[PDB]
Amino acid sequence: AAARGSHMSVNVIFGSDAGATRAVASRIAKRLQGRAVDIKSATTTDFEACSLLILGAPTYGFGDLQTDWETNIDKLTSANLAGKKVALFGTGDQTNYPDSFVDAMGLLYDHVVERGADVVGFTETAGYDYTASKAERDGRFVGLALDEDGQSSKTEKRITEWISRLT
């Protein structure tokens, strides 16, 4: 008999290549008393069996989705997300990639809106320096944009402010 893994019905599904998003997802999971699930081991049930779903991904290549997310994107497209509360967080480097900043978060946003999820947790682009981002809509981000490479000292505050809006 295995534990559910968290008290609250929160599933944080993430992808990571160098561990930055993995650590951020675990930090987010703790605050909401949720589970941190790697997209490589996630199931469609992980997308559906939660009252609040949070998807996280870094941006790799030329503004593309992280490789595990692309391979496992079926688990997302085959999940019933209609009317489900969904939030997004993205890791990226705004200094070295100012034209494709957290672009993978925008790719995930398009994918969950098509499946009918109610997306919450929009953030402002004020403290960020970037030229273009697929994660930007109406002058704001579709979720929490974090830069562990050059702005790690601000992620702790950004996570604190972002979560308070999700509850």
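One rule holds for the numbers: they count along the sequence shown, beginning at 1.
Chemist: Using the B-factors recorded in the PDB entry, average over the C-alpha atoms of 31-39 and of 127-135, then report which stretch comes out higher.
Modeler: Between 127-135 and 31-39, it is 127-135 that shows the higher mean C-alpha B-factor.
Chemist: Mean C-alpha B factor from the entry: is it higher for 57-65 or for 106-114?
Modeler: Per the deposited B-factors, the answer is 57-65.
Chemist: For the chain shown, is the CA B-factor of residue 79 in the lowest, middle or highest third of its modelled residues?
Modeler: Answer is middle: the recorded C-alpha B-factor places it there.
Chemist: Considering every modelled residue of the chain and its Cα B-factor in the PDB entry, is residue 6 in the lowest, middle or highest third?
Modeler: Ranked within chain, residue 6 CA B lands in the lowest tercile.
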